[PDB]
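S.K.: got an experimental structure here, sequence first:
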Number of protein chains: 2
Amino acid sequence: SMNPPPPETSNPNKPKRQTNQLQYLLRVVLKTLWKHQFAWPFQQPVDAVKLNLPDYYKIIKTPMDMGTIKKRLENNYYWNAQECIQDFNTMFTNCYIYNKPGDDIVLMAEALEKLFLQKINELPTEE
Amino acid sequence: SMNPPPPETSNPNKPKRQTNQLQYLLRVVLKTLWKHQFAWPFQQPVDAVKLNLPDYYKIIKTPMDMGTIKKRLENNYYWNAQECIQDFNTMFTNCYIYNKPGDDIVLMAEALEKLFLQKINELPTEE
């Protein structure tokens, strides 16, 4: 069927804060992953209509992409840094779920995940 | 307006040889790229009538696709491995010529080209 609406990126009913960790997630982590050569299939929601992949949103019921993560950080959607880390992890595991071990797109996602973990290793200490 | 005939894949007046490099180009290179998740647009000649690309064959005068390269290797059309490498390069550059920087199909071709170059980096030594 159609693509779903993209994930929500603003929450008017949630309090907001800036923290060293959230700032780092946007300015360093999201900036480094976006520019990686393997990033583009993960930068926006999968457009299953344009690709003619009717089963994508039958299989992936928790979609996530780097464009959504960028918007959530910019809109202070996340109170805890772990909420953002979970969204990255959802994006990577969605690739592993939809595809098969050893697929090329999976290898791309695995390399992005290794870079993400290397950058998370340098997250500033919690307040 | 119409599609041309596909590229020739047999040459009865050319001598034939089976080499380490040609074997690898079919069994490893052609096979790996064929199975990549981004391979579908490159597996057969561009059907410009069905894709509604009437200017495709006015711009691309040296068409090439993976299916033609596969048949070329199976039929011993190539004497030198470089002849096959040239056909892959023609496939990738045709995509860049017809389309524009940053187009989804160009990013697909670029990923296939980088993987192709990695596999060529491991071509067996020339006899």
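M.R.: Here it is on my side, so go on. Residues are numbered from 1 along each chain as shown, chains lettered A, B, ... in the order given.
S.K.: contacts and neighbour counts: CA atoms only from here.
M.R.: OK.
S.K.: only the buried residues of stretch A:27-39, if you could.
M.R.: A:29, A:30, A:32, A:33, A:34, A:38, A:39 (16 or more other CA atoms under 10 Å in any protein chain shown).
S.K.: for the first one, which residues are in contact?
M.R.: Applying CA atoms under 8 Å, 6 or more residues apart in numbering or on different chains, one finds that residue A:29 lies in contact with A:116, A:119, A:120.
S.K.: what lies in contact with stretch A:31-49?
M.R.: A:1-3, A:6, A:54, A:56-57, A:63-68, A:91, A:108-109, A:112, A:115-116, B:107.
S.K.: does residue A:22 lie in a helix or a strand, and which?
M.R.: helix A:20-24 (DSSP states H and E).
S.K.: SS state for residue A:12?
M.R.: What DSSP: H, G, I helix; E, B strand; the rest coil gives for residue A:12 is coil.
S.K.: one more: residue A:8?
M.R.: coil.
S.K.: same for the helix holding residue A:22, what does it pack against?
M.R.: Counting contacts by 3 or more CA pairs under 8 Å, 6 or more residues apart in numbering or on different chains; DSSP states H and E, helix A:20-24 is packed against no other helix or strand.
S.K.: which among the contacts of residue A:29 gets closest to chain B?
M.R.: Nearest to chain B, judged by CA to the nearest CA, of those is residue A:116 at 20.4 Å.
S.K.: one step back: please produce a PyMOL select command covering the buried subset of the contacts of stretch A:31-49.
M.R.: Remark: buried members of these, expressed as a PyMOL selection using 16+ other CA under 10 Å:
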select buried, (chain A and resi 56+57+63+64+65+66+67+68+91+108+109+112+115+116) or (chain B and resi 107)
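S.K.: can you list the residues of chain A near chain B?
M.R.: A:40, A:103, A:104, A:105 (CA under 8 Å from any CA of the partner chain).
S.K.: put the buried members of those into a ChimeraX selection.
M.R.: With 16+ other CA under 10 Å as the criterion, this ChimeraX line picks the buried residues out of the residues of chain A next to chain B:
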select /A:40,104,105
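S.K.: which two from the residues of chain A next to chain B end up farthest apart in space?
M.R.: A:40 and A:103 (16.6 Å; CA to CA).
S.K.: in chain A, what residue is nearest chain B?
M.R.: Counting by CA to the nearest CA, chain A gets nearest chain B through residue A:104, at 5.8 Å.
S.K.: any idea how far that residue lies from residue A:80?
M.R.: 33 Å (CA to CA, to the nearest Å).
S.K.: ok, residue A:120 next?
M.R.: In terms of CA to CA, residue A:120 sits 14 Å off from residue A:80.
S.K.: how about the helix holding residue A:22, which residues are buried there?
M.R.: Buried-residue list, helix A:20-24, by 16+ other CA under 10 Å: A:21, A:22, A:23, A:24.
S.K.: next SSE downstream of it?
M.R.: Next along the chain after helix A:20-24, taking DSSP H and E as the criterion, comes helix A:30-35.
S.K.: next helix or strand past that following helix?
M.R.: Following helix A:30-35 in sequence, per DSSP H and E, is helix A:48-51.
S.K.: which elements pack onto the helix or strand following that next one?
M.R.: Counting by DSSP H and E, the element after helix A:48-51 in chain order, helix or strand, is helix A:56-59. Here helix A:56-59 touches no other helix or strand, going by 3+ CA pairs under 8 Å, 6+ apart.
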